[PDB]
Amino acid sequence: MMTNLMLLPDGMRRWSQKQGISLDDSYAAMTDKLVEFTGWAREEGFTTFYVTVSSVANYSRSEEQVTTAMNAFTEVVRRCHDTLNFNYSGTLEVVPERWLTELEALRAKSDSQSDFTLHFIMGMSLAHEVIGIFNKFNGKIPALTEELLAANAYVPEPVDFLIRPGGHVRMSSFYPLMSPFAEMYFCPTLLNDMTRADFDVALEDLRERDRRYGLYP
């Protein structure tokens, strides 16, 4: 009876406007909050904490905004990587190589023996994900199987719980390919305003639901 958790960070610009601070300061608050959230997820017994770092669309922002966001996410790993297992995946060719180099070094220095994993997905987009898998195996296998697809999806297992703060009730580019029965929870609170109580109430909601997987009781 092991569970994992996925978070869709949202609301950093609106939080900067709400607090009257720079976007840099809002992303610094995001780094702090994501370290908190990672600790909460571990305390609650989740085996992997997935964070959807970015969509492919995000990389059409300016280089300055891309560098600000990517540095803020990477700093989370800089701070916590020593005590957990870190991994990452996604449409890596759209991520500026500097962050891939640093995140690879952080993955190498993480505790691969840890029972808790922090997992970043970058450049999420189902179209890009599917095209990447196709192009990888095109003409090299007789047929695609469920095992191969599952072993090459960005998210390497089905996701149990998914939380999206920030007030948007939509999945954007972030729906996990191999999670047909993931439970979704949306809340209006901006990520940088989320408290441990907000997380706990989300968990009450998510854990109370009857999961039927398309079948009757």
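Numbering starts at 1 and follows the sequence shown. Heads up, when I say rigid core I mean the largest set of C-alphas that superpose within 1.5 Å between the two forms.
Figure out for me whether 132-140 or 74-82 is the more displaced stretch in 4 other deposited structures of this protein, taking RMS C-alpha distance from the shown form once the rigid core is superposed. The more displaced stretch in 4 other deposited structures of this protein turns out to be 132-140.
query: Would 110-118 or 131-139 have the larger average of its C-alpha temperature factors, as given in the entry?
result: Going by the record's values, the stretch with the higher mean is 110-118.
Practice problem: Select between 120-128 and 74-82 the stretch whose C-alpha atoms have the higher average B-factor in the entry. | Solution: According to the entry, 74-82 carries the higher average C-alpha B-factor.
Considering only 60, 192, 179, 173, which residue's Cα atom bears the greatest B-factor as recorded? Of the candidates given, the C-alpha B-factor peaks at 60.
Classify residue 207 as lowest, middle or highest third according to the C-alpha B-factor given in the PDB entry, relative to its own chain. For residue 207, the deposited C-alpha B-factor lands in the lowest third.
message = Splitting the chain's C-alpha B-factors into thirds, which one does residue 48 fall into?
response = For residue 48, the deposited C-alpha B-factor lands in the middle third.
Can you tell me which third, lowest, middle or highest, the CA B-factor of residue 38 falls into for its chain? As the PDB entry reports it, the C-alpha B-factor of residue 38 lands in the middle third of its chain.
- Task: State the tercile, meaning the lowest, middle or highest third, of residue 201 with respect to the CA B-factors recorded for its chain.
- Result: Lowest third, going by the recorded CA B-factors of the chain.
Taking the values exactly as deposited, rank residue 149 by C-alpha B-factor within its chain and report the matching third: lowest, middle or highest. As the PDB entry reports it, the C-alpha B-factor of residue 149 lands in the middle third of its chain.
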